[PDB]
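Below are the chains, spelled out letter by letter.
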Amino acid sequence: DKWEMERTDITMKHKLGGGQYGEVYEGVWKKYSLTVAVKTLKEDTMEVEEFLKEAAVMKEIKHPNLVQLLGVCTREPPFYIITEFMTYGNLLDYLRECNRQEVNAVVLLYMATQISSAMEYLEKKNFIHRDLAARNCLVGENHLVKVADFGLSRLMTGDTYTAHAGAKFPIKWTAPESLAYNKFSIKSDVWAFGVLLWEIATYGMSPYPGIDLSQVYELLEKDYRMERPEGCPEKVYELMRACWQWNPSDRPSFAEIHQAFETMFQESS
Ligand SMILES: Cc1cc(Nc2cc(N3CCN(C)CC3)nc(Sc3ccc(NC(=O)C4CC4)cc3)n2)[nH]n1
């Protein structure tokens, strides 16, 4: 189709992300002399049919805060996924390494607003992300933020995906129903967003610090929750806590979350 590229239309410049993100490069889309992100997938690093579905899904995503697909090479391995280049890389290192006089309270609101905007779009369009976290958000000029959207899944909003047993999750971002029953839904993304909020409010501290992963589920079922971060506005902490309701249906929608942050951000200005 229109998205398919020739592998030679692109030239690679630099390895990106120190291994933490696989075979990924800063590249050049030669025609337009445009810097792009390139992800190359060797065989035996993914199942082909599922990769193609993930690529098919990206093709339908158009939102200012979701990484924009530019093209794909999907005939002979290695496969390429080509996207717009986000200059500053992942939001986790960005929060950790930033000048906080510049990346201040109002910028943090701005970043949370952008991300919830992305998630509201996914919510409207029947997708779930299942790995929402600061490390999977990308930052560009002027604190522009985009959620990485390569591995999204089609699921009717409100329905539940039951992942296979033996599936491994990033425990500290993972909702109770997901940890216990492998059940994922837009509401488990809302849970994960709450943790993303905490990462933002703390400028990229590791969540549940010091806590053994084996004990996290048990703590949560007894209504333990991370404490309000130093400096974090109470309304924002309230949003965090609303996102970490035990009952999935008690969590707000992303449409409601984004509106709340919209207000705060425009007010903070
Ligand atoms: C997708 C995308 C990624 C980027 N930009 C960047 C930029 C970046 N660098 C920015 C500059 N610092 C100093 C080093 C890291 N490091 C990464 S690390 C990285 C690279 C790729 C992916 N993911 C993908 O390519 C998925 C879409 C196929 C995730 C993280 N990504 N722009 N657009």
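Parameters and conventions
Note on numbering: positions run from 1 along each chain as its sequence is written and may not match the entry's numbering; residues without coordinates are not listed. Calculation of side-chain values draws on the structure's entire complement of heavy atoms; hydrogens and water are dropped beforehand. Residues with missing side-chain atoms are left out of burial classes, side-chain pairs and their counts. Strands are runs of DSSP state E lasting at least two residues, helices are runs of H or I lasting at least four, and both sets are numbered from the N terminus onward. An automatic or database domain assignment provides the domain bounds reported here. Whether two residues are in contact is decided by their heavy atoms: any pair within 4.5 Å suffices. In short, buried area is how much 1.4 Å probe accessible area vanishes from two parts on joining, totalled over both. When a carboxyl oxygen of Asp or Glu is within 4 Å of a side-chain nitrogen of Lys or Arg, the pair counts as a salt bridge. Polar contacts here mean pairs of N or O atoms no more than 3.5 Å apart (in protein, one a potential hydrogen donor and the other a potential acceptor; neighbouring residues in sequence count only if both atoms are side-chain atoms). Just so you know the grouping, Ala, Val, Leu, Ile, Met, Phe, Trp, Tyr, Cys and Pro go in nonpolar, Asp, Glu, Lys and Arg go in charged, and all remaining residues, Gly too, go in polar. The rule for a residue being near a molecule or strand is that one of its heavy atoms must lie within 4 Å of it. Per-residue and other accessible areas follow the Shrake-Rupley method at a 1.4 Å probe size, with only the shown protein chains counted as cover for residues. Method remark: on a 1 Å grid restricted to protein atoms, a set of points is classed as a cavity if a 1.4 Å probe fits but cannot get out and as a pocket if it is open with protein on both sides within 12 Å along at least five of seven lines; lining residues have an atom within 4 Å of a point. Grid points are joined across faces, edges and corners, and a volume is the space filled by probe spheres set on the points. UniProt positions are given in the numbering used here, feature names are shortened, and annotations may be inferred rather than shown by experiment. Throughout this description, buried means an accessible area under 20% of the type-specific maximum (1.4 Å probe, protein chains only), exposed means over 50%, and partly exposed covers the range between.

- Regarding how it was determined, this PDB entry cites X-ray crystallography in its header, along with a resolution of 2.3 Å.

- Going by the annotation in the PDB entry, the name recorded for the protein is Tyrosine-protein kinase ABL1, with Homo sapiens given as the source organism.
- Under its PDB record, the entry appears with the title "VX-680/MK-0457 binds to human ABL1 also in inactive DFG conformations".

### Describing unusual backbone geometry
Part 1: Residue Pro78 follows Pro77 across a cis peptide bond; omega there is 5°.
Part 2: Mapped onto the fold, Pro78 is located in the loop between β4 (69-73) and β5 (79-84).
Part 3: Its identity as a non-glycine residue notwithstanding, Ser33 has a phi of 50°, on the positive side.
Part 4: Looking at where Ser33 falls in the secondary structure, it is placed in the loop between β2 (24-29) and β3 (34-41).
Part 5: In this structure, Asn182 is a non-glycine residue whose phi angle is positive, near 60°.
Part 6: With respect to the helices and strands, the residue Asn182 is situated in the loop between α4 (176-181) and β12 (183-184).

### Observations concerning the domain arrangement of the protein
Part 1: In terms of domains, the protein is made up of domain 1 (1-85) and domain 2 (86-265).
Part 2: Relative to domain 2, the C-alpha centre of domain 1 lies at a distance of 25 Å.
Part 3: Contacts between the two partners involve 22 residues from domain 1 and, on the opposite side, 22 residues from domain 2.
Part 4: Carbon and sulfur atoms make up 57% of the surface buried where domain 1 meets domain 2, a total of about 2,000 Å² over both sides.
Part 5: Our count for the domain 1 to domain 2 interface comes out at 2 salt bridges.
Part 6: In this structure, the salt-bridge partner of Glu60 is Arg154, at a minimum N-O distance of 2.6 Å.
Part 7: Remark: the boundary between domain 1 and domain 2 carries 13 residue pairs in polar contact.
Part 8: For the side of domain 1 that touches domain 2, the secondary-structure elements that each account for two or more residues are β3, α1 (48-58) and β5.
Part 9: Per-element tally for the side of domain 1 that touches domain 2: the top contributor is α1, with 7 residues.
Part 10: When its residues are assigned to classes, the side of domain 1 that touches domain 2 shows 13 nonpolar, 3 polar and 6 charged.

### Considerations on the site of the ligand
Part 1: Close to the ligand lie 15 residues; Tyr21, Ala37, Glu84, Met86 and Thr87 are nearest.
Part 2: Residue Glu84 places a main-chain N or O atom 2.8 Å away from a nitrogen atom belonging to the ligand.
Part 3: At 2.6 Å, a backbone N or O of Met86 approaches a nitrogen atom of the ligand.
Part 4: In isolation the ligand exposes 640 Å². Once the protein is present, 78% of that is buried.
Part 5: Here the shell around the ligand gets 3 residues from one element, more than from any other, and that element is β5.
Part 6: Of the residues in the shell around the ligand, the class split is 10 nonpolar, 3 polar and 2 charged.
Part 7: Residue contributions to the shell around the ligand reach at least three from each of two domains, namely domain 1 (1-85) and domain 2 (86-265).

### A few points about the layout of surface pockets
Part 1: Size it by volume and the second largest pocket reaches roughly 220 Å³.
Part 2: If you trace the second largest pocket, you find 14 residues lining it, with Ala105, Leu108, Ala201, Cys232 and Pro233 closest to the centre.
Part 3: Put simply, the parts of the chain that give the lining of the second largest pocket at least two residues each are α3 (105-124) and α5 (186-201).
Part 4: Top element by residues in the lining of the second largest pocket is α3. It accounts for 4 residues.
Part 5: Classifying every residue of the lining of the second largest pocket gives 12 nonpolar, 1 polar and 1 charged.

### Overview of the UniProt feature "active site" in the protein
Part 1: Residues given the UniProt feature "active site" here are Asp131.
Part 2: Position of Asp131 among the secondary structure elements: in the loop between β7 (127-128) and β8 (137-139).
Part 3: Residue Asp131 is classed as partly exposed on the basis of its relative accessible area of 32%.
Part 4: When sequence neighbours within four positions are dropped, the list of residues in contact with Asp131 reads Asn136 and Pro170.

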